[PDB]
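Q:
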Amino acid sequence: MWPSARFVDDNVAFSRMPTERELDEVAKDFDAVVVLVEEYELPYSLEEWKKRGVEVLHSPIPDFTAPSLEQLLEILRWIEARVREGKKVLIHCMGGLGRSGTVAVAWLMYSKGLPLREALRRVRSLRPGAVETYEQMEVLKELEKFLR
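Position 83 (the sequence shown) corresponds to 83 in PDB author numbering; numbering is contiguous.
#1: Measure from the alpha carbon of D63 to the alpha carbon of each residue in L69, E38, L73, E55, then state which is nearest.
#2: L90 to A106, Cα distance in whole Å?
#3: Would you mind working out which of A13, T133, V35, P18 sits nearest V56, comparing C-alpha positions?
#4: Mark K88 as exposed unless 16 or more other C-beta atoms lie within 10 angstroms of its C-beta, in which case mark it buried.
#5: For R77, does the count of other Cβ atoms within 10 angstroms reach 16, so buried, or fall short, so exposed?
#6: Using the Cα positions of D29 and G53, report the straight-line distance between them to the nearest angstrom.
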């Protein structure tokens with residue numbers, strides 16, 4: 001297993017950016033990748049995944065910012081679609097874990113129904129530093145109100 005990945009359930013993990021020499025290593029374990037950074041901050045083309053047969057959701061979120069609620073729900077629905085087909089999904093931004101940690105917390109909330117306080121504690125137990133900003137916290141609170 002690519003040891004930088006941390007799983008929040010059997011099928012969904014989050015990590016830092018894989019480097020180019022790690023792409024086969026990721027493709028072996030993950031059939032889908034959610035890429036939360038703009039192309040300009042990547043050191044390879046996302047075509048690298050296509051030639052490996054790995055499905056890609058490219059949904060950029062600017063550095064240190066939160067996704068909109070609609071963007072977050074689109075990402076969650078896509079992750080659910082892949083998990084329903086039995087694939088494993090890797091979520092990543094850069095090296096920080098604000099954006100990727102936000103999606104990981106949201107996934108526990110969306111897929112398991114965990115309350116925000118428990119989903120947050122769980123993901124921060126995996127990587128202290130998941131969910132960096134007040135705005136990232138606020139979109140998670142909006143997600144909770146949407147789910148109920």
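Each residue gets a CB set at the ideal place from its N, CA and C atoms; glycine is no exception.
A: Taking the structure as given:
#1: Relative to the Cα of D63, the nearest Cα in the group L69, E38, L73, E55 belongs to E38.
#2: Taking the CA atoms as reference points, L90 sits about 14 Å from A106.
#3: Minimum Cα distance to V56 is reached at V35.
#4: With 16 or more other Cβ atoms within 10 Å, it is buried.
#5: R77 comes out exposed.
#6: Distance from the CA of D29 to the CA of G53, rounded to the nearest whole angstrom, comes to 12 Å.
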